[PDB]
Structure formats: C-alpha cells, structure tokens
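Laid out below as structure tokens are two forms of one and the same protein chain, each shown alone and named structure 1 and structure 2.
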Structure 1
C-alpha cells in the first residue's frame, strides 16, 4: 500500500475548505498539474481522494458498490428528503431495480406526449415576459421546469395541484441539502430541518391521495405514474404507496435543477455567440418548416446542432460537479493504494475541460463534436451523466425537456447579454448556478 500524494494543509480542521470553496475547479486543475491524476487532501475533518482524467476516473466508474459505496456518503442527507425505502436507504441491488422501473417509464411513447406538454407549458409561461425586456432566466427556467417535469414525470392530476404553496414545499425539500444538514446532528430543530421534514410529510400526502385516486379509476392512463403502479421487483412484489411517492419526489428533484441550471447556462452561451444562436433558429426552420408547427419527438431528433449545444453546455457546466464514494475496501489506481475510509471523488467538470485532451478547452464550441474528440475518443473524459452502476437514467428525458424548452424559446425570443456581461459561477450554492443571470431578450423575427 503506497498512498496517493497528500496535499498538506497547516489549517487544522478546515484544511483547504476556504481555498477549495472559492474556486474548486482551479484548485483541482492546479493540483492535477502539481500532483498528477490521483491525490488526497483533507477538508472540514475528512479525507478526500480525487481521481482526475479518464484513466483514473475509471476506478470509480467501474467499481462495485460494495467496494466504493454511495450510501455511506449520501444516505444521511438524501434519506430525509426522498424518504424511506428508496434510493440510498436500501441496499444498492434494490435501488438498481427501482432504477430499472424508472428507466422503463422513461420511454419513447411517453417522450412523445412530453414534447407537446413541454412546448405548451413553455409558451404559456413566457407570455408573462411580453415582447422584450431584461429578466432573470434562471428563475424563469426553474419555475418553468418544476411545472414541465411535474406534468411529464408526475402526471396531469398532480400537476394541476402544483401551486405556489406546493412549489415552496419542494424548495423546502431542497433545503435538506445544506451545510447545516451535513455538519450538524439531525436532532437539532433548525428551521430548514423542520421545513424539510414538514414538506416531506405534506408532499407525500398529496402523492398518497393521487396514487390511491388512480388505483381506483378504470381510466387506463399511459404515463410514468402508471408504469410505477404496474411495476414489480424480481421477487414479484409491487411497490408500496410510500415507495412510489419516494420515487416521485426523486423524479422531480432530479428533473428540475439539473435541467434548469443547464438550460440557463446554454442561454448565456448562445447570447454571447449570436451567430450560433442564429444558426440554431435557422435549424428550427430547416427541420420543422418555415411555418414552425408544433414540435414533435421525431423533429427533436433532427435538431442536431441544438443537440451539440446542449452537449457542449454540459461539458463546460455540468450540474453535478462531483461524484463521491466511500471506500469500504482498498482500491488500486495509478500505482497507488487507496485505503478504506477515504472518500473517493471524480469531477466531470475537470475531466471535461482537461488541457491534454480538449482542444481550446474553455471555448464553447458545439462543432467540436463533428471531429475526433474525447467524448468518442476516451471512456471517461466526458461524463456529465456519469457511468457504471450509479449512472444516470434521465439523460433522454433531460434532452427531451431541454430541447423542447429551448426550441420554443429560440422561436419566441432572441437573447442578448447585458453590457457584454457573461455570468460568473456562483460556487456557494449546491449546484453552481450563474451569478446575476439577467438576460436581455426581444421578440424573434
């Protein structure tokens, strides 16, 4: 056992907390340069080991959950949010089945319904934006996506109940993902803990009623809720109501912020590159016709440029900057032996931006995918949706959602930067959102 290089800090408990917190990507890129692909450090009492670049990241992406374990690092925070019997509250093999059920629900049939739903929700929402102005697009997209994702992933019944009170319940749930929740005992009656737990109760209740309501109807509905009510584990057991409601909460949380932040970033990338924005609008017309009829799933698959714009946005601004495991058993990578008790980390952000493999790395270039590039060229250089056992199941929905929304948005408006300001990254929020995401827009042609 030869340990990975350890980046010493004189600062007792915090370690590099402050430096890492200010700009993590720069921290990790500098470390990579000085120490190589595999290294360790301590922050706020804990020892972290990073695996940077494709070859090293392979260890995390290939590992069995018995070896590199997700619930050890996640369950404490997620279980009060998503609920019992779901996600990281059960053995991983169970979660894998639950994922299979969800995957089965995320199919082409349902996507075809989703496109119209999302186009409709989007046009209606942006009516309040009028003909022109300067508004906060991240807030717009967050508010819209909570609606679109509910409608698609929860259904019409639940969606019609989605008022501001319920939206706030969902925000209160997000609050469970706090520094306080990580650092402090659960038994402290902190406001955010109280809200989180209260909101979890009220939201489950709404889902309980909607679930029993559908079970009792003879109206055969073909949607994702139905797929869950009809699904079964290998043992044959159907999901309980509490299980289903748990999975519905997850579906929303997963469906919202990863898309909203991403969609916001794409907005500013396209605003900065007006020629690229024009080409996208022209692509709309080419594929769908000059009359611009209602979007269809099949038309989305032909929006190749828009697709590469999403792909490239994800490259430079992946919503999930980190993926972490607890090493239960010793692991070997790059000559080093990582001991049990280490938390093993990967950063899509760093891998997706690495000097050695990405040409003009900090450039937003959708066309980079028309040549040889590390997305096709390597295993794990490009990993915004992860890989292996804990890999994402929502990639196709997310693309459906983001494509439809932005397809519609390009049709409605042309977008510009304000005083040539391109938003900086707000590192203090859980998902790195854009700072001051106010965008200028005027009605399109």
Structure 2
C-alpha cells in the first residue's frame, strides 16, 4: 500500500477534450499504439472523463467478471446516450430488474422459436431481393438494414405487428435510435440537453402499435407460440406479470439492440466474401453439399451444419465487431495487472482490439475463416474473442443473430453471386455513430 499505483496515464496537450480527437479520428489505431507504449492497462482523458482500458484477455477479465455495483453500466449513459427500450424497462430500472427482463427475453429466444423463424426470414429475404432484378450494382448495407428491420420485426414481434410495418413505420424506427449509445464515450453525462422530440414522438407512436397488438393477443387466445407470447406468460421472481408497457418496451429495445449490430456485420461479410471469390463459391458449394443440390426451403437443422458460412460470420465479427467498446464506471477500487483503478474511471474493453491483438492472432488483419480450425485465442484464451461480450456480460440475442444472418446470407448467396466494384474494398467509416462500411455499393448477378 502506497497511494498512487494506478495505471500509466497518457497525457494530452488539449485541456478538456484530451484524446477525444485522436480517438475520434481512428480509435483502434489509437488503442493499438497505446498498447505498444503502455502495455495492457492504461488511462487517458477524453472530454473531461478518465478512461482506463483493459487490453488483452488477462486484463479484460476484470470487466467480464465484474458486478454491476463495482463496475457500473447505467453510469455510462446520458438521457441521450441511453440505449432505447422504454419506461420501466432496462436502464430506466435497477440492474437486478433489468437482468430479470433479459432472462425473460432469453427464454423467448429458444430453439423452438428459431425453427419457425428460419423460414419466415428466408421468405422475407427472397421477397425483398426480388426487386433487385437479374443484376446491377446496389448498396448492400442499405438493403440489409432495410430487410433486417422486416425480418427481425416478424420473428421478434409476430405477424400482427409485422403486417402494420409499412415504410411510414419503418421511418419511425429510424427516428428512434440515431445510434447514440455508441457515442457515450464522446458525450459525457453532465451536459445540459433538450428533450429529443423526434425520438420521444416515434417511441410514443411505435409503442402505440404494440398496445393495439397486445390487446388482440390477450383477447382471442389460440395456438400462437411466438416471443410475444413467452413474454405475456412470463412473470418476475415477484410473481407479478409484465405490464403492457414493459412488454412493448423490452420488445422495442430488443429489435433495436440487434438492428444496427446485424446490418453492419451482414454488409461486412458480404464484402469479405465478394473480395475472396474462392471462399464465396466454396460456401455456395457447401450450400449444396449440406442442403442438397435442388436447394430446398431452408431449415434450422441445416443451419447447424453450414460450418464454413458459420466461420465466415465468426471471422467477420472478429475483424468488424459492431460493438467496439464495452464500458463500465468504477464505483469501488479495482485491481488489474498490478494496478488499482480508482472509483471514478470509466473502465473499458474493446472487442475490436482484443480480436486483432498483434501477439495473439496470427495474420491479425486477414480474413481467414479457417483460422478457427488450427489453434487460436478464440478457444485458446477466455477473453480474446468477445464480440458478444463474455462472463456475466454477454449479448442475450447472440443466437438469434446467427440464425438471422446465416439464413439471410444463405438465401442471398443462393440468389446471387457478388463482387467488389473496382477492386474497391469498403473502408471503415468512424463518422457514423456505429462504424459503417464506406460506400457499400456491391456488384451482384444471378447465381449458376
């Protein structure tokens, strides 16, 4: 015991902003260079706050094993940066409660339901891309996100709600999250802020569609077995059932939480595959090898066996995780790689950086889905590959994501063959709140 034995602090010559600019410009590069000079654990200032980063699996442990009362999640957010769910749900309530609601939702996303989803997803994907004609050059990112709002609406909300979803309602979801929770690092909690009228309005409006549908279901009670159901049935350790709000709130939250994350990932995979033409063909041939030369309507059980397409996703998520930082506020001193983190610091982990770390991953920057066949830190280490989180803090909708993407990409990979427009592989765009692919226009043509 001595006093100051905290992690090395990187100084900035810019009094308040600190490193906010360098980080804002290119965070992964920033964080890598920092690792090289200061090791696995270090502090620095951005926009008045002190951040302490945990790099590599060993140190990343502290966050992944933490309890929300030592390393706090709600503390990280502003009225603006709070992830959108609803009143009385998620960040609007105490953690223990939020945890319970995630439980309820998790039990909703099960093998039973997934089986129903696969065919819905495939039908939607099939119908959507019909409008793409025989060939052309179009924005896959924009397509994929326009689609995923349909597919995920259907699977997670049920056909009553999905039927009500015209492009006027789709437009309202766009209003809902401008992606702000990804920007929490930049905007500190203390800033004065006006009401976000556009958001609060669309929420009110969308929430109202849910009331109308929670109505219809609670009346005629037939054989409908969807996520919506699971929820209505569910109750707390209370015994108390979910109010109508809670139901809509956590369902809206759920769709959003998965919306951008998925389209990012989907588009990126699309380009990786379009760049390595061999690999693309290969998991197209695996479509026949596994599913059968005639290409039947898709099933959940085939998905379990599309092992290349599975590694292509896994590998996409390694090089392009849609959630770049996981972030918690120190409320009680913590010990990591020798150091003590004083309460006050925002403790952070970067999926992107851990998954790319120069002394763990061979060929760090390479899109090689075969790497998971040899040895790798994915299995080798506890927390080197953590795109969905890890320990106590893992994404509830991990599995649905794999269902949704795999289906969509299969279906897509069937209808079309893809490649880059002029050898142009899309560059990362840090300028959107959630990192998007720069100019994601893709060339496609009918497959044979």
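Positions refer to the first chain, counted from 1. Shifts are known only where both forms have a C-alpha. Take the two forms, superpose them, and find the largest set of C-alpha atoms that agree within 1.5 Å; that set is the rigid core.
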* Structure fact -> Out of 192, 299, 226, 373, the position with Cα displaced 2 angstroms or more between structure 1 and structure 2 on rigid-core fit is 192
* Could you check whether the CA atom of residue 179 moves 2 Å or more between structure 1 and structure 2, using the rigid core for the fit? => yes
* Taking the rigid core as reference, does the Cα of residue 75 move 2 Å or more between structure 1 and structure 2? -> yes
* Asked: Can we say the CA of residue 388 moves by at least 2 Å between structure 1 and structure 2 when the core is superposed?
  -> yes
* Would you look up how far the C-alpha of residue 436 moves between structure 1 and structure 2 when the rigid core is overlaid, in angstrom? => 0.2
* Consecutive stretches, 3 or more residues long, displaced between structure 1 and structure 2 (C-alpha shift of at least 2 Å once the core is aligned) -> 74 to 81, 178 to 192, 388 to 390
